Amino acid sequence: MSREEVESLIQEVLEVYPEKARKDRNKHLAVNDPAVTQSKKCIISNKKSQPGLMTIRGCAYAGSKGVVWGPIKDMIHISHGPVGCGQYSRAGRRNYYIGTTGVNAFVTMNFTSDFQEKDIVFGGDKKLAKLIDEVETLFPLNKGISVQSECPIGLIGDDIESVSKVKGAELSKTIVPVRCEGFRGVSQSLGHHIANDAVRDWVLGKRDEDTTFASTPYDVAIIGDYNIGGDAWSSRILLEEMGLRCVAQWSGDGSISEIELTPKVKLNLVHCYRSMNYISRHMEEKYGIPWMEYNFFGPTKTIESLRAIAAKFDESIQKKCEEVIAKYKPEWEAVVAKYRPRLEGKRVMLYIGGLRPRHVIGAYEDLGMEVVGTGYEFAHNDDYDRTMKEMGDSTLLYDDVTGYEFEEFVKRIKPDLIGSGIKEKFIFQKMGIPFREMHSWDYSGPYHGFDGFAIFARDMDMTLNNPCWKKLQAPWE
Amino acid sequence: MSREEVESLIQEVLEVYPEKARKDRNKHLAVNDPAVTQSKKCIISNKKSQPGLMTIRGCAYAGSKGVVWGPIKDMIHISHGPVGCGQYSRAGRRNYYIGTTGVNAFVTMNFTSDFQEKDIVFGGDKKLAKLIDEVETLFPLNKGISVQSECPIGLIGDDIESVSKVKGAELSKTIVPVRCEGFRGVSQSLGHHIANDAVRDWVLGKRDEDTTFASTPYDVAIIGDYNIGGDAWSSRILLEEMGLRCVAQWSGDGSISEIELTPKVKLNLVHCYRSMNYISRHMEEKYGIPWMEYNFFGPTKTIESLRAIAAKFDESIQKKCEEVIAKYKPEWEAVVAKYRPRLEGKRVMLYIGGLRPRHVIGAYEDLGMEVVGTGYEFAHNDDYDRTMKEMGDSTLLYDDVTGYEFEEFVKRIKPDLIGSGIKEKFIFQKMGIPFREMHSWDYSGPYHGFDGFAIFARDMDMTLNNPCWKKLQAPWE
Amino acid sequence: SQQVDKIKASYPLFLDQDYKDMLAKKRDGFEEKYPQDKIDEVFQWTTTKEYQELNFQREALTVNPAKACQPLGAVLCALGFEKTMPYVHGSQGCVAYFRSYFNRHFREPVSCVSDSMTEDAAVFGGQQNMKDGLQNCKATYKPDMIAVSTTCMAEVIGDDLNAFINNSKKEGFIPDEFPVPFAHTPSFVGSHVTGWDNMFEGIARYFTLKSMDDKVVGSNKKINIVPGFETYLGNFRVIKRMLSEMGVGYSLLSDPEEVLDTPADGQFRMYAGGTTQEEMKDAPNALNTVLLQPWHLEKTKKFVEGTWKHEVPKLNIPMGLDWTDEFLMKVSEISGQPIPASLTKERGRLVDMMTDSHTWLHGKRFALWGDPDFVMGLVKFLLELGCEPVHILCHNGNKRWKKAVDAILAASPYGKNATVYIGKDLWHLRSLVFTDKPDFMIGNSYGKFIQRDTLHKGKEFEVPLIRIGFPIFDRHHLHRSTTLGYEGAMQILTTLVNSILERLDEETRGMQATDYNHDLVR
Amino acid sequence: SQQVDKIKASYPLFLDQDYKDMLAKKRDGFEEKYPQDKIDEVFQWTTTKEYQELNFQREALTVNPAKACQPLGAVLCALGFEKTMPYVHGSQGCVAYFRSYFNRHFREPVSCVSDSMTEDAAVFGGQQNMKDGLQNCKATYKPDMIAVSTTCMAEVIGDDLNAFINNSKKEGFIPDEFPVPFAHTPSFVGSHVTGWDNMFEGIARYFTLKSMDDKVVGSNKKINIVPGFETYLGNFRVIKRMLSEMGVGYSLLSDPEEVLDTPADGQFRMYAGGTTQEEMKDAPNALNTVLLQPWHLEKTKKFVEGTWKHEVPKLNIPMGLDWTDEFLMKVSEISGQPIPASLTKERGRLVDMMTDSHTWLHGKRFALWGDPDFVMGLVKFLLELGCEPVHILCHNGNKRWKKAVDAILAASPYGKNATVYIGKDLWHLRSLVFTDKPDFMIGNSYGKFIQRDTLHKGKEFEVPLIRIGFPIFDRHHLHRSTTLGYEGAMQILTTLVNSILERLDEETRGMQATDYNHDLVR
Ligand code: ICS
Ligand code: CLF
Ligand code: CLF
Ligand SMILES: [Fe+3]
Ligand SMILES: [Fe+3]
């Protein structure tokens, strides 16, 4: 579809809006130029959603509690405030972990102060202290407490920092106050940044003066992988088969001790740049550890990223990388042989959060599958600069797409497949367009690594070519 | 209610019959007099059912395959003929056993020759031989084969005795042909007798010259207990706690080796006189073993029967019996204290097959719960002579009761509870009268012994006093 | 022993230590049991492919069949009619077994009488049995009609049903105008479904054969629906509801729905609802007759086409999406009524459920068994759902039905690994689910033992049973379910996807071992 | 690694030996995990009664709450109306979570907008957000009405919904005649059901309070039905069906049934069905208003009684037999219509199912939780079935409701061992089901983890979960079920008895150990 056709599409979708909404949303829609290396000249991002347009973005609490802090298994994360946020976010994200739930791991539990009217009017600080005492009494094997603020906490003047500090000194336990109230920022991304600052300020530096950890020149940390359906495990297996030592995981299946051990690694492998590039930059500054972005989506991307990571170490690591690539080549080659003919040359539109909009194009193209449109819920301009190169020519780019905008784009482009969240799945399934949840892998996965790519191809084939899509129109209509 | 009222009841119910049916069924209805010790002057039994009157009786195959031979676990029982009877009788009766089904025990499996048109036209003897060969190939751990004839087997002139003998000689295995075709006799009772003769003629006399079994003067054999829901086990526990050794069980949880060991016991404890009094009499004649009838339904009856059984042995057995009665007295006393007030003085009508019509009256009265009517599906006159002494004065007695007769009797008498089979349960539940299946214990039990009596009282309380019976009438009617 | 506060039934009472020791003493002293290692070895052997070969070489032995005899279906069909007493000419034990079988499946009274033929009749016939039984049944239970089938005894001795009933009427045992249809239902031919077919064809021939002169096709502007052997009341109900929604006048012939679901309101109703004699008399005046289960309604099909002159449409069982669509379109074309918006909406919601659940349903392998029309409808819906029916078994199916289902499987890429077996029993299927393990079984209650056997090999080899079909004895009130139409497809889809989900939940319930995949959201 | 023929998802992929070693090395090298014996001892301690006492001493900590916040119920209620856009004034993350929650439960699109208030609005207010959001929503999604609720942010900062909407209308952001009902739904008061109550009362006040002059009670000869927070589509459907059979004119107010079950027919409908504005305008002219869930419809009850002048009947939720009977009799006397033979037959059939299944149901002990009306209906039905509700939990229930349910338990001898807990969460219930073990749990999907924990203690301590309520995330299409009326009672009874039978089948599946009680017939 030609670039002029895409521009006409954008205008013929935008004309519905009132003038202010039209001019605002015009900056968030673009036709991709793979010859341009700047975003500010082509698209605008990280901006407030237009009111009443059914934005898909979440809040800072979702980006901090649900995303960064939540996966850390051996900590107890208190959703501080009314019952709703913790209840809706309880076990909504498949950040997988190993543990004994309620005993030594607490990822899928909903700890909350369950704010009532008296808590709103009088404050929840002493309630927070009593809650911490009850947490220690009833969950003595927890290795730290995080307090994720919901909107009333920031709006009523609650001093959770003082409570955290005092109860931590009294209990000799790490208590991390996270000011991730949902009104802060414009989306989950500021949640990423605030959670990163919380990790840096309350947890990261606790082993700075400790040298008891036996460090090796093959020490790496995984940064910004949340083990969605086991994604972090499928990446760590390849990292360690290359001879490297993965000291820490951030933060899927991650423990607090691993976070405290991260400053001792030799290389930070940042998967989700959007969520943990802040902590990676801080680690590079204060501790001197270099970090590099990496991509384990699909065979070509994981081979390139494995070779890049091995190039940062000595020759033994490079030889191990070549051995790993040789041993995994038949597996993904057989996956491609099985699934490429069924998906070859099929157009996809993607609307995911901050990293997976890009960073998964290669996985699609490794199956001979073109991406014609893509978009970000909460990305910044750096995300779009990295997006332009991966996107093909004359493709659609949407930032903070509205429900109507997504509807119209899919209506005209008519993609073979859509990848987005749960709030678009049933909408687009009702139109007869096969849908893949690219947040939760549709309760499947992992998708990272070679095993994850095999799963990715199988799921794409199962949903794209499902018989159910040849049935939506009744034969008598 | 007076005897004359019951007499007028009987006449009124009989009025709707044609004259021949009326005069036939008049002989099968009586008003009980416990003083009379004869039945031929009061009632007639063991007679053909009137055609078209919805008799509850079964066939000889049911009384032989389903009743006597079926429970024997390590044997393979072939329902010889069309698929129907074996399919309907497969696992219909809860004759419990211990074994590995399909490997060393085959009670709940349907082995059948699956007669087709060609089998009816040409015969099934060759099919039976090939089936036996396939049985040995596919179930090598079976310890014998029985062949239960269905109606066409005796109708088409099949010679299953010759096949059984020849394949037994060739395979060195006991193969028992049982001519239990459903048309023989009038009910299941002739099935009892034919199965008894099969046991006597093909199995019983195989260890006659075998003296290798170490016999003791405390040897008893349970005869006519089919372990319904574990009834035989609950009786055997009391038998062995009294110091006796139970060598065989007939035939619930019964192995064929137990049957072959029965002629070595000192006392035969015949529970169901109806089904195995024949084999008990033959054992007394040929082997000299005396038998006695016994009753383990309810605490009074089991105490009396335990004392009677211990009276047939030395003083150590009597002392053990007294100790058993002393240890079990608190259990049934507590059961009575819990359940008597909610069942005291409640009238029961019973219609069970041939031993449980009587022989459970004591269990009902031990909870202070009277029986006003009783009846037999297939009993003989000796059963009624044993019934009159136990039934109360001026009670109703019915032999081979018809569906209409039972309906009318329950309609006028209005019993508090009914005990009968599955073909009456829903009929009487729809009239709002609580129903207890007294064939299968309503998939509960056991009811034998003290543990069985506890279960009996619990079940009677749960069904009699259930809230559901105060709800059949809509409040607006 | 027993505690009055917590009384134990057989389980777990017999797990007590004293009972355990008693049973061990019984086993060691007198049972002469095979050693446990030999038992384990033999079981492991029965799980193998060589044992599967020996199993499938069976020619005379049937183990755990998946079918019943004809008079059972005849009794069900007869119960379909108004104030009709099923009357089986033969021995009483058969009637006792039919009544108990249907009592256990439906949990309702089943009224059926026998003439109680005995050894005396075996050489003299059941003629006097017929006269006395007919007279007694009419005088006692007052039916408006008596539908006569046969047990294998009467079939073997050669009892002339027509002559016996005629002589009963001549001698005055039964009025000459009292309707007594008859059908020979030999238990050694076919299965219960062909007994249903025979009974229905006999009743239709009784009520229509002699009065075809005044019959004009379509003159009553109705469509006849013959449901066949059906044990889901929801299927009768859904067919009637769908035809009522379309505004199509219909006559449901052999409708036992009312008599098998009578209210418990203080009285017992031996008769309730059912197809009236007038409806059967007027049936040849319908526009057309639709057979819901054509693969066991052959005789009815020939009678309806040849005598009523009805051009019976070639329709598959209305199961799944495509076949229900074909049923509705054919009904619309025959009756002239358009398909209403409600049925189109129902179709769309079924499709929505398919889209919602396809990921969990995709690729799941199934072993299944039952009656032919039900089995093929299940296979078609499974293929529509993206599932892979690996083992399809119909013990009473034939080669024509096998060719039809093979053609159905060949039209979808999800039938490539499928195999169809006819004439095989549940022991064959036990071998199949051991050697080529499916994810689940769909079948009747007899499958539970198979699930037992697989579990004995190990939890990782267990094949859970999904209870769809007849008979269902170990669950309550499943006979009220629906399997036909969009509603039945929705019920089947829900059952299947939630069975998959509960199996996955069980497999991922072990904490710190497999509970990483114990997702709240699925 | 992976094999292309059998690709493994996370389970059982991570059970591979290499993944096992990787995870063990991760745990030992860097996780600094507590020793397994310490973990086992702590868990065993959490199963004790001393831990139960400490757990029930909780005053500030809530673990695994069984409730949500008000705007969720407000969104559901708003979805009940025709072409109505739910519009939550506040922060967008709340709307994302509400939409995700309802998407997961219903497996359907959930349309809801936010004015996306941010830190700028935290001090200034949401006035500009209100104006722009109303204008954009109307211009983009073209609703016929916008129903406005609030997130806790707007409630805390004190946004005046009425003034904001009025000022938006005055300045042309939205037409003056465009219906914009509003309700304050604070997330820190009550629960989601309170939000449903508030939203419905706000809509009713918007459409009726100013037009009461020409209203005559009973002039339209109809009965108003307010269903409350309801997440079973079958409940709306069964209420409509029962009133239709009775011949009773009715108006279902806040009917989300159509929009939550839209067909997948190639197009997406953001709106479908729902209560029309004319219906709500004419509602004061009804004979009476019946509240299906009175215990969370207090505000609606006061508005209906005080303004519509309807004498709202004191009716329990129409669950079970007695309460459904009371509902039908009250409807009959209010409308003057007699109860039809079909509903009496349905009642008799439910009673027949009770008689059929009472033996397996009798004495069974239950722990259960959910919303107050649903929980109390479940308790009433359980007492009607002879079951023993041992643990009754309502996280959002109150002391009046507790007194009512205690009174109901005192009437039956099966409530003697019962205890009712209000304000308690699923961790309290975990302690309860450990220390005083029931046979089963009835509740939403969050109960699965409890079943996990019990299984960790041992198979003999496992308490299986029966999924009835909201939300149900780990099963598909259970939201289509019914719980009210005779039909809902039949569904609940079938679920309960078949759960009991499935558990017993599992317990007796071990060959040669417990399979002596693996009965074919139950
Ligand atoms: S064998 Fe007989 S009908 Fe004596 S055929 Fe029948 S398990 Fe009955 S009254 Mo079912 S003569 Fe046993 C009997 Fe009694 S099957 Fe059971 S309960 S004590
Ligand atoms: S009285 Fe008894 S149960 Fe009847 S047949 Fe005869 S042995 Fe058997 Fe069998 S296959 Fe069916 S059920 Fe019969 S018609 Fe024949
Ligand atoms: S934007 Fe985010 S999810 Fe929203 S509240 Fe704010 S932190 Fe939370 Fe919470 S209880 Fe309910 S869901 Fe809200 S209205 Fe408050
Ligand atoms: Fe859907
Ligand atoms: Fe019933």
Side-chain angles (χ1 to χ4, degrees), chain A residues 58-62 65 79 81-89 115 148-152 180-183, chain B residues 58-63 65-68 79 81-89 93 95 115 148-152 180-183 187-189 191-192 224-226 228 231 252 271-276 352-357 359 376-379 421 438-440, chain C residues 68-72 88 90-98 150-155 185-188, chain D residues 68-72 88 90-98 150-155 185-188:
Chain A
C59 66
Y61 164 92
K65 184 262 176 190
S79 297
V83 69
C85 329
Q87 185 75 316
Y88 307 137
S89 56
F115 262 36
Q148 314 285 322
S149 281
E150 307 168 348
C151 297
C180 59
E181 294 89 344
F183 61 86
Chain B
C59 49
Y61 163 93
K65 183 266 180 191
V67 169
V68 177
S79 289
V83 69
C85 339
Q87 184 73 289
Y88 305 137
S89 49
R93 187 181 181 238
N95 32 37
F115 261 38
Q148 312 288 324
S149 286
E150 300 169 345
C151 288
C180 59
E181 294 91 343
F183 60 85
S187 47
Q188 304 100 315
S189 155
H192 296 156
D225 206 308
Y226 304 89
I228 303 304
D231 275 322
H271 196 252
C272 172
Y273 168 101
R274 195 51 261 151
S275 54
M276 275 178 212
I352 328 160
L355 182 272
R356 312 218 175 136
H359 218 81
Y376 286 95
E377 299 190 1
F378 45 80
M438 302 300 276
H439 293 258
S440 73
Chain C
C69 59
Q70 287 207 27
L72 186 88
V88 195
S91 36
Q92 41 189 83
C94 319
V95 161
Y97 272 151
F98 307 148
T150 49
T151 79
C152 52
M153 171 188 189
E155 284 302 308
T185 63
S187 64
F188 43 89
Chain D
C69 65
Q70 285 206 26
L72 188 83
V88 198
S91 38
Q92 56 190 18
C94 318
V95 162
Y97 272 150
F98 307 146
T150 49
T151 82
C152 52
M153 171 189 189
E155 290 295 314
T185 65
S187 36
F188 44 89

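Indexing begins at 1, ligand by ligand and atom by atom, following the structure's order. In what follows, chains are A, B, ... by sequence order, proteins preceding strands, each numbered from 1.
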For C59(B), the atoms of ligand 2 under 4.0 Å from one of its heavy atoms are 1 (S), 2 (Fe), 3 (S)

Quick one: pull up SG in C180(B) and NZ in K65(B) and give me the separation to the nearest 0.5 Å. 10.0 Å

Over all atoms of both residues, closest heavy-atom pair of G182(A) and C151(A): N-SG, 3.5 Å

Is it the case that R274(B) places NZ or CZ above or below the six-membered ring of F378(B), under 6.0 angstrom from the centre and within 45 degrees of the axis? no

Per-ligand residue contacts, ligand 1, heavy-atom threshold under 4.0 Å: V67(B), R93(B), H192(B), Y226(B), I228(B), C272(B), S275(B), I352(B), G353(B), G354(B), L355(B), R356(B), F378(B), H439(B)

Under 2.8 Å from atom 13 (Fe) of ligand 2, the protein N, O or S atoms found are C94(C) SG

Could a heavy atom of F188(D) be found less than 4.0 Å from some atom of ligand 3? no

Got a second to check how far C59(B)'s SG is from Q188(B)'s CD, nearest 0.5 Å? 7.0 Å

Ligand-side contact atoms (ligand 3) for residue partner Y88(A), heavy atom cut-off under 4.0 Å: 12 (S)

Considering all heavy atoms, the nearest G354(B)-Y376(B) contact: O-CE2, 3.3 Å

Side chains of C94(C) and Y88(B): does their closest heavy-atom pair fall under 4.5 Å? no

I want to check something: taking the side chain as every heavy atom from C-beta on, are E150(B) and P82(B) in contact at a cut-off of under 4.5 Å? yes

Work out which heavy atom in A62(B) is nearest to a heavy atom in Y97(C); give both atom names and the distance. CB-OH, 3.4 Å

Between CG on residue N95(B) and OH on residue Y226(B), distance to nearest 0.5 Å: 10.0 Å

All heavy atoms of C272(B) vs all of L355(B), minimum pair found to be CA-CG, 3.7 Å

Under 4.0 Å between heavy atoms, the region of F98(C) that gets near ligand 2 turns out to be side chain

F115(B) versus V83(B): any side-chain heavy-atom pair under 4.5 Å? no

Ignoring hydrogens and angles, tell me if any N or O in the side chain of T185(C) forms a donor-acceptor pair with the backbone of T150(C) under 3.5 Å. yes

Subset of ligand 3 atoms that lie under 4.0 Å from at least one heavy atom of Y61(A): 7 (S)

